[PDB]
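Here's the structure, in structure tokens; my notes come after.
Heads up, the Cβs are rebuilt from the backbone with ideal geometry, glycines too, and the neighbour counts pull from every protein chain shown. Read-outs: derived from the displayed coordinates by stated rules, not from any lab.
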Amino acid sequence: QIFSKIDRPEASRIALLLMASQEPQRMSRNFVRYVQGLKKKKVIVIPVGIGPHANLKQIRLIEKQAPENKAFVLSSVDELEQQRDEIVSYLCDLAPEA
Amino acid sequence: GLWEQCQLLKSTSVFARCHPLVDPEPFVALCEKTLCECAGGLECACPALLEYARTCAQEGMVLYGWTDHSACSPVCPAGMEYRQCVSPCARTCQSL
């Protein structure tokens, strides 16, 4: 629905996935198909696991698709402000200049 | 059936804030030791959780939820309540 068709072929496109909770198993069964489809649609997915309840499995399954998908895993939201500069610089390093 | 109470240090969000500053592994090990030593119920875990929270406070991260994300309430005098980050220079009926 967001990338229903690519309208900016010149840009990089990135999903920053701030995630803090587990999926139940019955929901997870299509996750690999969606993330590999996003790679095929040349979308970078950056997983950011927050707190004890983020399911690390889906973090690593995102990382397994491409090295560009470099994860972050955080003890609480309070250190998001501490990640801010490396996150936004990594996002811009993964994007081309005009 | 009590061992999960010690794993709050690893599993539970308020304690998990402090993992960049204080490693939970010694405190959860000591917690499992007090669960072995102590004859009570789930309260047998509480000194390790309290001392972890105080260690985090010393490292500069107060664990404001810890005493109600868990069953553990510290002892207090009559009519008082336990809380984190009580101020020094506590006000009284007699003090300017």
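Please work out which residue is farthest from A:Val35 (Cα to Cα), limiting yourself to region A:49-98 and to residues that are more than 11 Å from every other protein chain (Cβ to nearest Cβ), surrounded by 14 or more Cβ atoms within 10 Å (Cβ to Cβ) and β-branched (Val, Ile, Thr). Step by step, filter region A:49-98, then rank; the result is A:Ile87. Name the residue that is surrounded by the fewest Cβ atoms within 10 Å (Cβ to Cβ), counting only residues in region B:9-28 that are out of contact with any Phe, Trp or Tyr (no Cβ under 6 Å at 6 or more places or on another chain) and either more than 28 Å from A:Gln82 (Cβ to Cβ) or in contact (Cβ under 8 Å) with a residue 24 or more places away in the chain (or both). Across region B:9-28, the extreme among qualifying residues is B:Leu21. I'd like to know if region A:27-36 contains one or more residues that are more than 24 Å from A:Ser4 (Cα to Cα) and more than 14 Å from chain B (Cβ to nearest Cβ). The answer is no; no qualifying residue exists.
Residue-by-condition table, conditions (1) more than 14 Å from chain A (Cβ to nearest Cβ); (2) within 29 Å of A:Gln22 (Cα to Cα); (3) within 11 Å of the chain's Cα centre (by Cα):
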{"position": "B:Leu8", "(1), (2), (3)": "no, yes, yes"}
{"position": "B:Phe15", "(1), (2), (3)": "no, yes, yes"}
{"position": "B:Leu49", "(1), (2), (3)": "yes, yes, yes"}
{"position": "B:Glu59", "(1), (2), (3)": "no, no, no"}
{"position": "B:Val62", "(1), (2), (3)": "no, yes, yes"}
{"position": "B:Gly65", "(1), (2), (3)": "no, yes, yes"}
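Within the bounds of region B:24-31, is there any residue that is away from chain A (no Cβ under 14 Å) and in contact with a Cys (Cβ under 8 Å, 6 or more places away or on another chain)? Checked against the condition, which is being away from chain A (no Cβ under 14 Å) and in contact with a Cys (Cβ under 8 Å, 6 or more places away or on another chain), region B:24-31 yields at least one hit. The set of residues in region B:27-47 being aliphatic (A, V, I, L, M) and either over 13 Å from B:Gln7 (Cα atoms) or more than 13 Å from the chain's Cα centre (by Cα) (or both) consists of B:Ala29, B:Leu30, B:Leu35, B:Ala39, B:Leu42.
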